[PDB]
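K.L.:
Heads up: the protein sequence lines correspond to chains A, B, C and D, in order. Each residue of the first sequence is one higher than the one before, counting from 85 in full-length UniProt numbering. Each residue of the second sequence is one higher than the one before, counting from 118 in full-length UniProt numbering. Each residue of the third sequence is one higher than the one before, counting from 1 in full-length UniProt numbering. Each residue of the fourth sequence is one higher than the one before, counting from 472 in full-length UniProt numbering. Ideal Cβ positions, reconstructed from N, Cα and C, are used throughout, including at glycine. Handing you a structure now.
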Amino acid sequence: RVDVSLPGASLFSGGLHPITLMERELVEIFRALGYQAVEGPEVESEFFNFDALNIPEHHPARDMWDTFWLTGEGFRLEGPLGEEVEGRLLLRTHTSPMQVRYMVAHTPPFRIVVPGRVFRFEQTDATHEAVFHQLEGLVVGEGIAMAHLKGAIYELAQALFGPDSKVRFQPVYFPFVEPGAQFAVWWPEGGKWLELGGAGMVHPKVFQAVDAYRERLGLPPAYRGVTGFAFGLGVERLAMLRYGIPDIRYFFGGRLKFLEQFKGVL
Amino acid sequence: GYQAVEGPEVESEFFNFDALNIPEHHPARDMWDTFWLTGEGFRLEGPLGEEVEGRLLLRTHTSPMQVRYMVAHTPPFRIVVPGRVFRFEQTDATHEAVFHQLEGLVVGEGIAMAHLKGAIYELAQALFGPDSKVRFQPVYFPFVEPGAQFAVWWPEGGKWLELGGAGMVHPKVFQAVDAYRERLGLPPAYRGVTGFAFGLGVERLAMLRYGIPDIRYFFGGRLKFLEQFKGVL
Amino acid sequence: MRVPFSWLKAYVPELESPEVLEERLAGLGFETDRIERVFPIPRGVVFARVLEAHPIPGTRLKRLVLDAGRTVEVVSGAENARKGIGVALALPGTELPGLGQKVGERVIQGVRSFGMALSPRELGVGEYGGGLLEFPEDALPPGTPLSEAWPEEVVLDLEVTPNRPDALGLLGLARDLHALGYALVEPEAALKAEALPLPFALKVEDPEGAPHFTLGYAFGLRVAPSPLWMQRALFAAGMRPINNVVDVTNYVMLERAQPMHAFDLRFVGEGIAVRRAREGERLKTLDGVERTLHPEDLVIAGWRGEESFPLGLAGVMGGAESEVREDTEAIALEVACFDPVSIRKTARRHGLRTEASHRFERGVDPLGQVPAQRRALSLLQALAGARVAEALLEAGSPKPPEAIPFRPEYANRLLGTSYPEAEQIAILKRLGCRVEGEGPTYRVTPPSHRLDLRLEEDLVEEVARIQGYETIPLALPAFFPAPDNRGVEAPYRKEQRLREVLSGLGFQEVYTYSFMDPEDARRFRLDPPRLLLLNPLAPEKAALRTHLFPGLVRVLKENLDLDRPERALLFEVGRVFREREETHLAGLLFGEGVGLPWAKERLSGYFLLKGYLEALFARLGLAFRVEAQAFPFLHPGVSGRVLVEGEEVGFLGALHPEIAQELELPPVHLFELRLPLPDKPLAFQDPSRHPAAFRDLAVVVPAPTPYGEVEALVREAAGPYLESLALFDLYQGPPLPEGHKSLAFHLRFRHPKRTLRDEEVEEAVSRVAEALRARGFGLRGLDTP
Amino acid sequence: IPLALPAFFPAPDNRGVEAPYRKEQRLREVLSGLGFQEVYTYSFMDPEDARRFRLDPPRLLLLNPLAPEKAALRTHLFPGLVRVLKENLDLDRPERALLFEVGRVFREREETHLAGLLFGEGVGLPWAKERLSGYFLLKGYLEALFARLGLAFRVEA
Ligand SMILES: Nc1ncnc2c1ncn2[C@@H]1O[C@H](COP(=O)(O)OC(=O)[C@@H](N)Cc2ccccc2)[C@@H](O)[C@H]1O
Ligand SMILES: Nc1ncnc2c1ncn2[C@@H]1O[C@H](COP(=O)(O)OC(=O)[C@@H](N)Cc2ccccc2)[C@@H](O)[C@H]1O
Ligand SMILES: [Mn+2]
């Protein structure tokens with residue numbers, strides 16, 4: 085006979101990091117809405133991160149992002165069409181620059197979602213990080229309206245918190261969007277409004293920078309008669325509320341006792 | 118926007134045929150060679166867990182899920198039901214008595230055939246690229262009023278493959294659905310909506326896509342065959 | 001259904017070509033499975049007149065004297081070879097379709113055969129080779145090449161769906177084409193009738209089986225071969241010409257989906273009776289088969305005085321005796337509408353599938369009998385010099401079709417098109433519908449031949465296919481799905497994730513038929529299947545599987561036979577049937593195991609399969625435990641039940657040796673669980689930051705006592721501060737009581753907000769010593785390391 | 472402002488633009504199923520580690536770092552994994568560990584890397600003694616991974 089209750093061979097059992105899980109669900113939610121996930125580079129030029137997004141230098145608007153500037157020769161930063169690009173290098177302060185990279189390399193209409201690691205120079209506490217993730221959304225084409233942006237967030241909220249969930253839209257400022265807005269979702273289980281991110285209708289000047297970069301590259305203009313909306317939300321906070329993580333610093337902490345607790349979420 | 122839901126492999130004649138406007142002793146039912154079953158003690162659950170009765174069989178197609186889903190839900194919605202189906206017929210290199218189908222059902226106000234064509238066009242694009250195209254020809258199915266058969270152009274092989282059938286959900290299907298609802302206490306939910314449905318046979322698409330010459334390989338169980346697909350993650 | 005291009009062209013003269021025809025039909029809803037050219041006639045085949053047929057003494061052959069321009073002789077053994085008919089003469093030199101060598105002048109039983117007269121098979125126009133082709137003696141000037149009156153033909157193999165029984169007639173097809181815009185030429189039934197009484201009566205004793213039944217009367221018939229144009233037509237459609245009258249009934253049937261049969265009056269007696277058949281009533285059908293009828297069979301009978309007899313199987317096949325032959329002079333023409341269900345059962349009952357049963361099963365135009373009588377009677381007058389009565393015997397009064405709703409607006413709304421109202425209505429009218437009204441919702445009543453036109457939807461499909469499905473634009477729908485459709489895909493996603501993890505963990509997926517061999521309930525030791533098949537593919541698949549593992553085992557064997565896998569780790573997910581349909585997950589382990597391929601030591605068998613499963617459940621974040629339990633199909637020594645989150649869901653163990661033996665297989669390990677597995681909602685636990693207290697201790701216990709109880713006991717008493725607890729060594733030896741075991745346990749304690757005092761850890765091991773002894777167990781180790 | 476959802480056939484060149492992202496996520500998932508545990512480490516590197524870990528110095532540096540230990544951008548993924556093993560062994564005492572991490576590395580060009588780490592007694596019967604570990608064990612998992620991906624895998628010294 086054999087003790088069938090004895091532990092078997094200690095084969096290893098793996099797991100996915102909580103941000104991977106939260107990113108995966110966010111991506112699945114938007115995939116169901118027609119969005120496709122594309123990524124951008126963590127090291128960007130000032131042109132894509134700021135200038136092309138209507139965020140010029142020495143202006144109050146740029147203070148909304150504490151940049152991490154870089155130095156070093158020999159580094160080749162590829163642009164939207166593999167062409168080598170130049171400009172003061174930095175660590176992207178948000179995923180937004182992919183809005184520009186994508187649009188020069190493609191034609192409307194389309195729906196994309198860009199997840200990604202972003203960086204910001206600021207002190208890290210229990211609810212703040214200098215290194216975190218964002219999920220960008222961009223939908224462009226004839227007749228795209230803000231009603232559609234609200235429709236997207238409503239679907240996001242429903243998928244994330246259920247039918248007793250709701251979204252809230254309030255005016256807020258971003259150089260890359262003309263109506264500008266900030267949105268929150270009602271979390272029933274916790275009976276409170278959490279601010280998810282910012283969004284708005286793509287600014288006129290963003291489309292212009294996009295087509296100007298296209299012209300300077302031989303491509304024909306593709307965004308003169310289209311509108312669109314974009315949004316950007318910060319993954320960690322959503323993940324924290326969703327997995328009951330109290331300290332945002334745990335994410336990059338590397339502690340196995342922390343990571344292991346998420347194997348169950350397949 | 119479609120969501121995947123499954124149905125039971127063992128169905129009653131009511132869902133597989135009757136509710137789908139396919140009555141007994143009529144030419145239309147010959148389009149499906151049924152595998153009838155016998156045996157007491159077996160409990161067949163309906164759309165709302167209620168125990169149901171009726172001559173048991175092995176579903177000849179996924180279509181019955183159209184009915185199960187609609188009694189258990191409200192429009193508008195988009196579903197896709199994959200599933201093992203059974204048919205009594207001889208198996209050769211390109212025919213199976215046991216195979217899989219993928220059903221599609223989209224219901225709601227203003228749903229038109231233009232939308233069904235739109236769906237297949239997107240299917241073809243995603244499956245074979247931009248040089249792909251779809252073809253729609255009239256064909257008959259008791260559960261659909263315009264009825265149709267669609268094919269997709271496969272550039273790489275330079276030929277039209279017939280993928281499946283589709284159409285606008287028949288008036289009587291919506292009626293059987295709401296009648297079953299009433300008989301269950303639920304309010305009618307399909308009097309002012311239209312919709313389209315389609316059903317395509319997986320094996321053939323897989324064969325053309327993975328270059329499998331013999332459809333019998335699928336249920337053959339041979340590891341030397343199965344192993345060749347580890348790469349497709 | 002065979003569609004002879006030139007025949008269809010007779011109704012649709014403007015047809016562009018067979019290819020364009022195929023395209024038109026496809027857009028109409030009719031797929032052609034094949035297109036072919038069929039009547040090769042060499043120049044050497046000429047038309048001849050048989051002046052005389054002389055028997056060759058001592059043989060079963062005849063010497064034919066033919067007028068083929070010049071007189072010639074040919075030897076023939078065909079029973080039908082006779083004076084007064086026209087034949088197909090293959091002159092010496094002619095090369096015949098299918099024949100190896102040419103046709104030459106040959107000497108046969110004393111006579112020089114100058115070529116030979118042909119059978120349909122030899123000429124290649126039909127399968128029949130039992131007799132010569134019979135043409136009218138004046139069909140063509142003697143010696144003229146046959147091809148001149150018999151051009152090659154292109155025939156389309158059309159698929160005609162159930163809903164379009166009117167399309168089972170070439171004229172019906174032509175009407176669909178007419179709607180597309182083609183000119184339509186309907187045959188004019190020139191008839192010179194006579195006001196005379198019919199020398200017979202009609203008695204429909206079963207109006208349920210024959211809702212509409214008519215009888216035509218043609219006399220003074222001159223039975224003879226059908227003209228060349230008709231024989232070409234019938235042969236092209238796959239039918240063999242017989243003669244004047246018979247061919248006309250087949251032709252009209254093929255023209256307008258209206259089976260009809262000519263009954264020789266000599267055998268009718270006083271009248272025709274459409275009645276049910278009487279038990280065991282015999283009937284020799286047209287095919288020569290002697291049959292016995294069933295009371296459910298509808299028959300066409302005659303009667304004489306008190307005599308009642310079957311003349312034919314109504315709507316399936318006529319009787320052999322009243323077939324219409326050379327000496328026939330008058331007939332009763334049957335043109336009717338039978339009950340589909342009735343015809344269906346009768347056809348099956350006698351294993352008969354005829355052009356007639358097929359059409360009546362699919363449905364015939366309820367008010368087409370009378371028009372069909374004129375057509376047939378008309379042709380009979382023209383080809384058999386028939387004399388026809390003005391009156392018909394008619395029974396039944398079918399009601400015309402009712403008006404249907406029709407909203408243009410809805411047609412466009414349902415299709416997503418924008419066809420102008422006028423085009424929609426012009427289309428329905430070309431198809432033969434009546435359109436009444438002005439307002440937005442018209443009153444459309446379809447022609448009786450359209451059994452498929454009952455609902456408004458039906459009418460929109462008429463508009464769509466005539467306009468052409470290609471004219472329907474492409475669109476994508478947009479809408480917020482109804483609330484109760486939320487996360488309805490969770491179940492499906494849950495299972496697919498499981499398969500994917502299993503494939504990553506290392507298991508290989510397999511797909512096995514849902515069928516089971518009834519006999520395996522025995523071979524594999526398990527309750528018999530609850531569901532069986534009334535019509536199985538084979539006795540080895542007469543039931544529905546109750547377990548998944550049996551199939552996996554049979555897969556291992558089949559694999560080991562074809563190839564020699566040295567091992568294998570498989571898995572399969574599928575539906576099982578037993579009181580309720582449920583989803584199962586089964587896995588199989590076989591082979592030497594896992595380890596260094598160039599070394600010797602290895603990890604395999606039971607504990608290996610248990611390793612993978614523990615990894616799987618660790619990966620799923622679910623509690624997994626295996627307690628020993630007996631299972632007939634498993635080895636009594638290596639057998640246990642599987643528990644996930646404290647809930648029995650399956651079994652794990654080695655295949656029973658006895659079963660292994662009967663199947664001729666080495667040891668096999670496997671498991672089977674019921675899906676879906678339990679869901680364990682997250683409950684994040686903030687890991688303590690303070691140091692953890694380590695401490696070992698072994699436990700002496702009887703060999704029988706399962707590790708599970710020990711682990712459970714130690715853990716339970718370990719205290720609220722127990723973090724870890726692992727088994728690092730099992731020893732059963734001399735240092736202590738014989739028949740005992742020692743369990744090496746690695747333990748760890750830890751506190752959330754502070755550190756653990758050296759006393760608390762002892763107070764904890766104490767409970768693990770007191771409760772440990774209370775169970776008759778002792779502890780050798782008591783400190784770390 | 473009302474709520475709506477847009478509808479349209481996406482422009483042809485947006486087709487399968489998500490293949491890359493999907494490809495990588497499938498890889499992570501397989502790795503998690505094969506047995507590897509995912510870890511997330513900062514993209515920052517300690518300039519001094521180019522020495523401690525023996526490797527070419529980082530090509531990109533930070534004008535305004537958070538600290539001197541994070542004044543450069545990582546060139547490799549493994550250094551961080553090792554420092555993770557150590558930090559783990561200090562707080563807790565993992566008897567072993569099979570980790571993996573995917574991330575952006577910077578050196579002449581930004582590129583994505585996949586790194587894995589193996590440590591501990593290995594795999595075998597927890598109540599027995601014999602075991603499979605170290606090099607050939609890590610090579611086992613990798614061979615399984617590539618077998619699962621349907622890719623040829625070879626390791627030359
Ligand atoms: N220090 C931090 N730690 C964790 N999350 C942060 C931190 N700073 C911000 N976030 C998250 O980042 C999200 C948005 O970042 P902001 O810097 O506030 O906005 C942006 O980054 C904009 N690019 C978003 C945007 C995109 C498209 C159109 C309009 C607006 C917030 O909702 C928040 O949850
Ligand atoms: N013996 C077989 N082996 C492999 N595939 C088969 C076999 N018989 C059919 N199929 C596949 O099954 C597909 C459709 O099956 P059919 O029996 O022809 O139709 C149906 O089963 C309908 N229920 C489909 C449908 C759904 C919704 C609306 C309209 C029509 C075909 O396109 C074909 O690829
Ligand atoms: Mn129709």
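(1) Assign C/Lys429 to one of two classes, buried (16 or more other C-beta atoms within 10 Å of its C-beta) or exposed (fewer than that).
(2) Ignore the nearest five residues each way along the sequence and tell me which others in B/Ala210's own chain have a CB closer than 6 Å to its CB.
(3) In its own chain, which residues sit with a C-beta less than 7 Å from the C-beta of B/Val202, not counting the 5 before and 5 after it?
(4) Would a C-beta distance cut-off of 7 Å place residue 351 of chain B and B/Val197 closer than the cut-off?
(5) What separation, rounded to the nearest whole angstrom, lies between the Cα atoms of B/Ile228 and D/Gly611?
(6) What residues from the stretch 340–353 of chain C come within 7 Å of chain B, judged by C-beta to C-beta, listed N to C?
(7) Give the residues of chain B in contact with D/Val501, contact being defined as C-beta atoms less than 7 Å apart.
(8) List the residues of chain A that D/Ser514 touches, going by C-beta distances under 8 Å, in chain order.
(9) Quick check on the burial criterion: 16 or more other C-beta atoms within 10 angstroms. Buried or exposed for C/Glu306?
(10) Using DSSP with H/G/I as helix, E/B as strand and the rest coil, what is C/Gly416?
(11) Is the CB-CB distance between C/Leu89 and C/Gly115 below 7 Å?
(12) If I measure Cβ to Cβ from C/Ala179 and keep anything under 7 Å in the same chain, skipping five residues before and after, which residues do I get?
(13) Would DSSP call B/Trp149 helix, strand or coil?
(14) Closer than 7 Å by beta-carbon distance: list the chain D residues that pair up with B/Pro247, in chain order.
(15) Less than 6 Å separating the Cβ of C/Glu645 from some heavy atom of ligand 4?
(16) B/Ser180: beta carbon under 6 Å from a heavy atom of ligand 2?
(17) Looking at the secondary structure, which residues open and close the alpha helix (DSSP H) in which B/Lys234 lies?
(18) Once the 5 residues before and after A/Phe131 are set aside, which same chain residues still bring their CB inside 6 Å of it?
(19) Taking CB distances under 7 Å as the criterion, tell me whether C/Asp729 reaches chain D.
(20) Quick check on DSSP: helix, strand or coil for residue 33 of chain A?
(21) DSSP three-state call for C/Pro636: helix, strand or coil?
(22) Does D/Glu601 get closer than 7 Å to chain C when you measure Cβ to Cβ?
(23) Which residues mark the beginning and the end of the alpha helix (DSSP H) in which D/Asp561 is found?
(24) Helix, strand or coil: which one does DSSP assign to D/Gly504?
(25) Quick one: Cα of C/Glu79 to Cα of C/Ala139, how far?
(26) So what does DSSP say about C/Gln258, is it helix, strand or coil?
(27) Under three-state DSSP, which class holds C/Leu89?
(28) Ignore the nearest five residues each way along the sequence and tell me which others in C/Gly27's own chain have a CB closer than 6 Å to its CB.
(29) Would you tell me roughly how many angstroms separate the C-alpha atoms of D/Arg486 and B/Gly246, rounded to the nearest one?
(30) Buried or exposed: which applies to C/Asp517, given that a residue is buried once 16 or more other Cβ atoms fall within 10 Å of its Cβ?
(31) For ligand 3, is there any heavy atom lying closer than 6 Å to the beta carbon of C/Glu402?
(32) For a contact defined as C-beta to C-beta under 8 Å, what are the partners of A/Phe342 on chain C?
(33) How about C/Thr346 and C/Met317: are their beta carbons less than 7 Å apart?
(34) Mind listing, in chain order, the continuous alpha helix (DSSP H) runs of no fewer than 4 residues lying wholly within the stretch 363–422 of chain C?
P.N.:
Inspection of the coordinates gives the following:
(1) exposed
(2) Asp331
(3) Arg176, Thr177, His178, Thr179, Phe216, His217, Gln218
(4) It is not possible to answer for residue 351 of chain B, since the shown part of chain B is limited to 118 through 350.
(5) 54 Å
(6) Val341, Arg344
(7) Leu350
(8) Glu126, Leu175, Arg201, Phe203, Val215
(9) exposed
(10) coil
(11) yes
(12) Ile427, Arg430, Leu431, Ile466
(13) coil
(14) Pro483, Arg486
(15) With respect to ligand 4, the structure shown offers nothing to examine, as its ligands consist of ligand 1, ligand 2 and ligand 3.
(16) yes
(17) 230–245
(18) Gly171
(19) yes
(20) Chain A is shown only over 85 to 350; residue 33 of chain A falls outside these bounds and no answer can be derived.
(21) strand
(22) yes
(23) 549–562
(24) helix
(25) 22 Å
(26) coil
(27) strand
(28) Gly468
(29) 8 Å
(30) buried
(31) no
(32) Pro687
(33) no
(34) 369–384, 408–415
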